[PDB]
Amino acid sequence: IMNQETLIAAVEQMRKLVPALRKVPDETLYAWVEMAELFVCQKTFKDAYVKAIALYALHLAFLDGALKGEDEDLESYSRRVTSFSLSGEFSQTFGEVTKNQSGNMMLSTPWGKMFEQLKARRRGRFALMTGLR
Amino acid sequence: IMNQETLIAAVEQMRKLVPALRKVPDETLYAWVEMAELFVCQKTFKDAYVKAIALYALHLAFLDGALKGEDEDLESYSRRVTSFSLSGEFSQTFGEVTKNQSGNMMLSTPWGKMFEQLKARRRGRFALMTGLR
Amino acid sequence: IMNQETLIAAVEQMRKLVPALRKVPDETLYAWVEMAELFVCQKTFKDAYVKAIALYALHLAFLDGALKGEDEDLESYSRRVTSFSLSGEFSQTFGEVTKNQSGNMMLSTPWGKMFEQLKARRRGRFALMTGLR
Amino acid sequence: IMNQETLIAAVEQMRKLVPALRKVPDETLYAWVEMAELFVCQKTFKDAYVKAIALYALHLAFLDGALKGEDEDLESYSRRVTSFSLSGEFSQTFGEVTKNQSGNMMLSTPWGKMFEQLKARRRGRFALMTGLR
Amino acid sequence: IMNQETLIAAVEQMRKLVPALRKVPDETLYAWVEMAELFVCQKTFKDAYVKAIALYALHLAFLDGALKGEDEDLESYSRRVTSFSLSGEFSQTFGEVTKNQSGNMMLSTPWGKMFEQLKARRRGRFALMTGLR
Amino acid sequence: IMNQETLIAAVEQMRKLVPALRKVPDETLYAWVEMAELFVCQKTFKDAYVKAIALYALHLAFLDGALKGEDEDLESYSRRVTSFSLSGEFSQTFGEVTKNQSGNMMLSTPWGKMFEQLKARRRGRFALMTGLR
Amino acid sequence: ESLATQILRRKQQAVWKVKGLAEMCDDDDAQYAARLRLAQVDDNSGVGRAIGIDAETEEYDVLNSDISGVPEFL
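By the method listed in its record, cryo-EM, this PDB entry was determined to a resolution of 3.5 Å.

*Asks:* Would you mind showing me how to read the overall build of chain G here?
*Replies:* When you go through chain G residue by residue, the secondary structure sums to 3 helices and 3 strands. Taken from N to C terminus, the helices and strands of chain G fall in the order α-β-α-β-β-α. Taken over the C-alpha trace, chain G has a radius of gyration of 17 Å; the compact-globule value for 74 residues is 11 Å, which it surpasses by more than 25%. Here chain G holds 74 residues, and the buried ones make up 19% of them. The average position of the 8 basic charges and that of the 15 acidic charges among the side chains of chain G differ by 3 Å.

*Asks:* Hey, could you run me through the environment of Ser65 of chain G in this one?
*Replies:* Positionally, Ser65 of chain G belongs in the loop between strand 3 (58-64) and helix 3 (70-73). Taking the C-alpha atoms as reference points, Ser65 of chain G and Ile7 of chain G, 58 residues apart in sequence, are found 9.3 Å from one another.

*Asks:* I keep staring at a negative patch on the surface and nothing clicks. Help me out?
*Replies:* Where like charges cluster on the molecular surface, the negative patch consists of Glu70, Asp71, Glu72 and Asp73 of chain A. Along the chain, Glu70 of chain A turns up in the loop between helix 4 (49-61) and strand 1 (80-86).

*Asks:* Quick question: what am I supposed to make of the relation of the copies chain B and chain A here?
*Replies:* Both copies of the chain are related through a single rotation about an axis accompanied by a shift along the same axis. Between chain B and chain A, which share one sequence, the superposing operator has a rotation angle of 29° and an axial displacement of 0.1 Å; the RMSD is 0.9 Å. An overlap of only 7% is found between the interface residues of chain B and their copies at the interface of chain A, pointing to separate contact surfaces.

*Asks:* Looking at this structure, how should I read the interface of chain B and chain A?
*Replies:* You'll often see interface size given as the accessible area lost when the parts meet. Contacts between chain B and chain A engage 30 residues on the former and 34 residues on the latter. Summing both sides of the interface, chain B and chain A together bury roughly 3,100 Å²; the carbon and sulfur share of this comes to 59%. Looking at the side of chain B facing chain A, the largest losses of area belong to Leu38, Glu75 and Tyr77 of chain B, adding up to 21% of the total buried there. Where chain B packs against chain A, one counts 1 salt bridge. Among the salt bridges present, the one from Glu75 of chain B reaches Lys23 of chain A, with a minimum N-O distance of 3.7 Å. There are 11 residue pairs in polar contact connecting chain B and chain A. Elements supplying a minimum of two residues to the side of chain B that touches chain A: helix 2 (26-36), helix 3 (49-61) and strand 1 (79-86) of chain B. The greatest single-element share of the side of chain B that touches chain A, amounting to 8 residues, is contributed by strand 1 of chain B. Looking at side-chain class alone, the side of chain B that touches chain A contains 16 nonpolar, 7 polar and 7 charged residues.

*Asks:* Which parts of the structure should I look at to understand the pairing of strand 2 (residues 90-96) of chain F?
*Replies:* Regular strands show a simple pattern: their side chains alternate between the two faces of the sheet. Across 7 bridges, the pairing between strand 1 (residues 79-86) of chain E and strand 2 of chain F is antiparallel. Bridge pairing in strand 2 of chain F places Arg79 of chain E opposite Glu96 of chain F. Sheet topology note: the strand 1 (residues 83-85) of chain F/strand 2 of chain F ladder contains 3 bridges and is antiparallel. Considered in strand 2 of chain F, the bridge of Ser85 of chain F is made with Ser91 of chain F. In textbook terms, the turn of a hairpin is the stretch between consecutive antiparallel strands, and for strand 1 of chain F and strand 2 of chain F this stretch comprises 4 residues.

*Asks:* Looking at this structure, I do not really get the sheet that holds strand 2 (residues 91-93) of chain B. What am I missing?
*Replies:* Within a sheet, neighbouring strands are paired by backbone hydrogen bonds and run either parallel or antiparallel to one another. The 12 strands are arranged 2(B)-1(B)-2(A)-1(A)-2(C)-1(C)-2(D)-1(D)-2(E)-1(E)-2(F)-1(F) in an open sheet whose pairing can be described as antiparallel. Of all strands in the sheet, those bounded by a partner on one side alone are strand 2 of chain B together with strand 1 of chain F. Pairs of neighbouring strands in the sheet enclose a mean axial angle of 15°, with direction left out of account. Here 3 bridges tie strand 1 of chain B to strand 2 of chain B, and the two strands are oriented antiparallel to one another. Within strand 2 of chain B, the residue paired with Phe84 of chain B across the bridge is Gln92 of chain B.

*Asks:* I would appreciate a short explanation of the pattern of salt bridges in the present structure.
*Replies:* For side chains of opposite charge, pairing can occur when their charged atoms come near one another. Residue and element names in this part refer to chain B. The tally for this structure, following the rule as stated, stands at 21 salt bridges over all chains. For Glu116, the salt bridge is made with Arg125, and the minimal N-O distance between the two is 2.9 Å. Among the residues examined, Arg125 registers a relative accessible area of 54% and is labelled exposed.

*Asks:* Before we go on, may I ask you to explain the nonpolar core in this structure?
*Replies:* Soluble, globular proteins show a tendency: their nonpolar side chains are buried together. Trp32 and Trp111 of chain C, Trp111 of chain D, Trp111 of chain E together with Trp111 of chain F are the most contacted members of the largest nonpolar core, which totals 219 residues. Tallying contributions element by element places helix 4 (residues 49-62) of chain D first for this core, with 11 residues. The contact partners of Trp111 of chain D, leaving out residues within four places of it in the chain, are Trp32, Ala66 and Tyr77 of chain C together with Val18, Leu55, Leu58, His59 and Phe62 of chain D.

*Asks:* Help me understand the interface of chain G and chain C in this model?
*Replies:* Listed by partner, the interface residues are 22 residues for chain G and 16 residues for chain C. Regarding the contact of chain G and chain C, the summed buried area is about 1,700 Å², with carbon and sulfur atoms giving 55% of it. Among the residues of chain G in contact with chain C, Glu23, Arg37 and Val41 of chain G are the three that bury the most area, contributing 27% of the side total. Seen at the junction of chain G and chain C, the total is 0 salt bridges. Our enumeration of links across chain G and chain C arrives at 4 residue pairs in polar contact. Those elements that place two or more of their residues in the side of chain G that touches chain C are strand 1 (12-18), helix 2 (29-43) and strand 2 (51-52) of chain G. In terms of residue count, helix 2 of chain G provides more of the side of chain G that touches chain C than any other element does, 6 residues in total. Pairing analysis gives 2 bridges linking strand 3 (residues 129-130) of chain C to strand 2 of chain G, with the strands arranged antiparallel. Residue pairing for strand 2 of chain G: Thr130 of chain C is matched across the bridge by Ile51 of chain G.

*Asks:* I would appreciate a short explanation of the arrangement of the chains in the present structure.
*Replies:* Kept free of each other, chain B and chain C leave a smallest C-alpha distance of 11 Å between them. One finds no contact between chain B and chain E; the C-alpha atoms of the two approach each other to within 26 Å at their closest.

*Asks:* Looking at this structure, I do not really get helix 4 (residues 110-122) of chain B. What am I missing?
*Replies:* One full turn of an α-helix is made of 3.6 residues, so residues set three or four places apart face in the same direction. All names here are of chain B. Its 13 residues give helix 4 an end-to-end C-alpha distance of 18 Å, which sits within 8% of 18 Å, the value for a rise of 1.5 Å per residue. Those residues of helix 4 that sit buried are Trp111, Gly112, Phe115 and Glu116. Down the axis of helix 4, the sector holding all buried residues measures 135°, keeping them to one side. Seen from the open side of helix 4, the exposed residues pointing more than 90 degrees away from its buried face are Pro110, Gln117 and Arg121. Elements in contact with the buried residues of helix 4: helix 1 (4-17) and helix 3.

*Asks:* For this particular structure, what's the right way to read the packing of aromatic side chains?
*Replies:* Geometry of an aromatic ring pair is reported as the spacing of the ring centres plus the angle between the planes. Across all of its chains, the model carries 31 aromatic pairs over all chains by this definition. Each ring, one from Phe62 of chain A and one from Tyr77 of chain B, has its centre 5.1 Å from the other, and the planes form 15°; the classification is stacked. Remark: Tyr77 of chain B occurs in the loop between helix 3 and strand 1 and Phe62 of chain A occurs in the loop between helix 4 and strand 1; the pair is interchain, linking two chains. You can call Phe62 of chain A buried: its relative accessible area is 8%. For the ring pair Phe45 of chain F and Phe115 of chain F, a centre distance of 6.2 Å and an interplane angle of 40° mean the geometry is tilted. Of this pair, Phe45 of chain F sits in helix 3 (residues 42-45) while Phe115 of chain F sits in helix 5 (residues 110-122), placing them 70 residues apart in sequence. Of the residues examined, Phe115 of chain F reaches a relative accessible area of 3% and is grouped as buried. Put simply, the rings of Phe39, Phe45, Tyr56 and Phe115 of chain A touch in pairs and so form one group of aromatic residues. A cation over a ring is seen here: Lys68 of chain B above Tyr77 of chain B, with NZ or CZ 4.5 Å from the ring centre. Of note, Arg79 of chain B hangs over the ring of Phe94 of chain A, and the distance from its end group to the ring centre comes to 4.3 Å.

What counts, and at which threshold
Residues numbered from 1 in each chain as written, not as in the entry; some residues may be left out. Chains lettered and ligands numbered in written order. Part of a larger assembly, values for the part shown. Heavy atoms only, no water. Helix = DSSP H or I, 4+ residues; strand = E, 2+ residues; numbered from the N terminus. Rg over C-alpha atoms; globule rule 2.2 N^0.38 Å. Buried < 20%, exposed > 50% of the residue type's maximum accessible area, 1.4 Å probe, protein only. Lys, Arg positive; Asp, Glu negative; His and termini not counted. Charge placed at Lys NZ, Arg CZ, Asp CG, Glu CD. Patch = residues over 30% accessible without salt bridge, like charges linked within 9 Å, V, L, I, M, F, W, Y side chains within 5 Å. Areas by Shrake-Rupley, 256 points an atom, 1.4 Å probe, with all protein chains shown as cover. Salt bridge = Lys/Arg side-chain N within 4 Å of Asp/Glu carboxyl O. Least-squares fit on C-alpha atoms. Contact = heavy atoms within 4.5 Å. Buried area = accessible area lost by both parts, 1.4 Å probe. Polar contact = N/O pair within 3.5 Å; in protein donor to acceptor, adjacent residues only side chain to side chain. Nonpolar A, V, L, I, M, F, W, Y, C, P; charged D, E, K, R; others polar. Pairing = 2+ DSSP bridges. Axes fitted to C-alpha atoms, helices over the stretch in contact; angles between N-to-C directions. Core = buried A, V, L, I, M, F, W, Y, C linked by side-chain atoms within 4.5 Å. Expected span 1.5 Å × (residues − 1). Arc of directions from axis to C-beta. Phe/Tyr/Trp six-rings, centres within 6.5 Å; stacked < 30°, edge-to-face > 60°. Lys NZ or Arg CZ within 6 Å of the ring centre and 35° of its normal.

This is the structure:
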């Protein structure tokens, strides 16, 4: 981060991407975006830095449920509910949205895959280096 | 900004291709389009730029159901409801649609496949390069 | 002892990252962070040391449900309840969240994965060494 | 072991880490720590020796469940109960927490993995030797 | 005969390490410990001999439910009760705990695993032999 | 066998190890130990002969259920009952105690593997020969 | 002649693979430190020396090609 206009623009773009975030208090959004700015390199993008940082923050918060914590919750971060039902009124069944056989961990959310393809457009995902002198 | 009437033509063609988006407010679609324009090139198509950009924006919107409702959405993008039932009224189940087998993220939705074929026909899927001297 | 105000910043940072930990008594968090500081290096990050230590402490706490309540947790850590139901009142089932593949223990929780990516970004994942004289 | 203050510090650290131990009789915890300290080598850590003692004691006690024996129990150490239910009052189903195809036996509990990583940093998991004379 | 006071120390260590053994008749523990004396050697440990014999005898007792009741047990050691239920009172199901994968039977119970670690450190897990002229 | 006092010692050790054998009449145990002593080679032990005889007799009698035949039984040696239940009174399900994919035929009961360890202790499981002359 | 000398230089190559190496920033202290370490461990290696790597993350392989017939061609 270098100013507040960029932070506000990133939060607003994130809310435009996900309209559900407009009701979430903006303080957690500031926290998540300032934690996500640690991973992005503005030298590489230098024009879509806000877009990339918002995308990465969204993916980072939606990895497996990390923003799932509101002011009231318990330690359910190790375990996931698979079904819940009242005995004679209603029943409901859950499940994971995406399988991740690859294990790269970055293609765990749609925003992660979008960020990877945007990284390949801006500057390739290669890493080729040689010992100098 | 990319040309205003070209952007309007893009959103118009996308809307007439998928009638269900006519009810979605225009500004969310505007944001999705101006975010998806960062991927395609101009000189690659230079004739069907509107078609390609609309296809790619549609694929991004329908990637993993990232585009949701505005307030009716609940803050669970990491969880999907496989099935639900009311006691003596009705019941219903769900499941995946595509079952991707290659992990390309372009071969995961019909729109991605369509754009992939368009790109292959117009320019190609190749990248051959050598060092400059 | 690691620096007092930096430790305070770390604990408040992890608290506002996960709001569900606000109700937890503070001294347990102090113990967890003072135990987790034994792993991270210092000069490797030397800028985001607070963020890194918060991430690793959170991962350690949420590894496999190691962090429990105060007394309400029954003395059963080697046993997990998969489902339970009352006779005619309600029912519920459960399941795993991550389904790890490599047994590195680091790509097993989202906090661990984020810490791992931060380490790769900041210093690297390599250990090249040779015999000195 | 070499004195009593180190044992007191280790057991207090154990109780601080897991608050549920505050109800366990104190002589049993002395017994477990005196068993576990036969495994940690002081010359390696020499600074976080109490932390190593605590982590390894937790792992040793929660390996498959050996502390599970209260003053009243039966010979259920060769078996595990997976479900229990009253015919018309309530039901409950259990299940084991961690899959361990690796077979190292150090990656069986979160405490075990934590101690393994602490050992890895303090002095590598290697052992390279050559014959004398 | 193995030394009497050392045997007393071993049986008392067993009783204080597994509190549920207090109800077991006094003679059977002598029988088990003098049986376990035949497996372990002396000079390898020569310091924690009592601990080692206690661990080995515990492993022998809890190998496959080898230690049984006095007369209440039926002549059924080759057949295990998987589950049972009464019509309108209760129901219960059982299952395995360890699921060994190596076919060593030292890696079959936690006690054997701990004894294996202790042996590996005190003497080793190898046997290198050469012919004699 | 060579005398009766060692026979009495062996049967008494069997009863001491397994208290449930106090009910079975002596003659059957005499026949079982008489037939079991053939496989044990005294020239290997010289010292723990009674213990070896007891272990071999226990394993040989609990191979798959061979002592199961009391004065009144039927030709049920070819098949095993897996479940038995009254229509509206109670139910009961059975199952095998071990899995023996090894095929060594002696790693089928805990007594057998105990006997193998004792045999390897007294004289290793090896056998090397050279043609004479 | 120049191609012959080039083939002589290109006899043997070493490959070092580290998952996540793409995360490295371009032209910053971290990448410079990595390159310094790689070159430093390269210069001190040899027949009488050994190098250590991590099993999970990195792999170190060597590729080689044969050279012959060049004097006859020249």
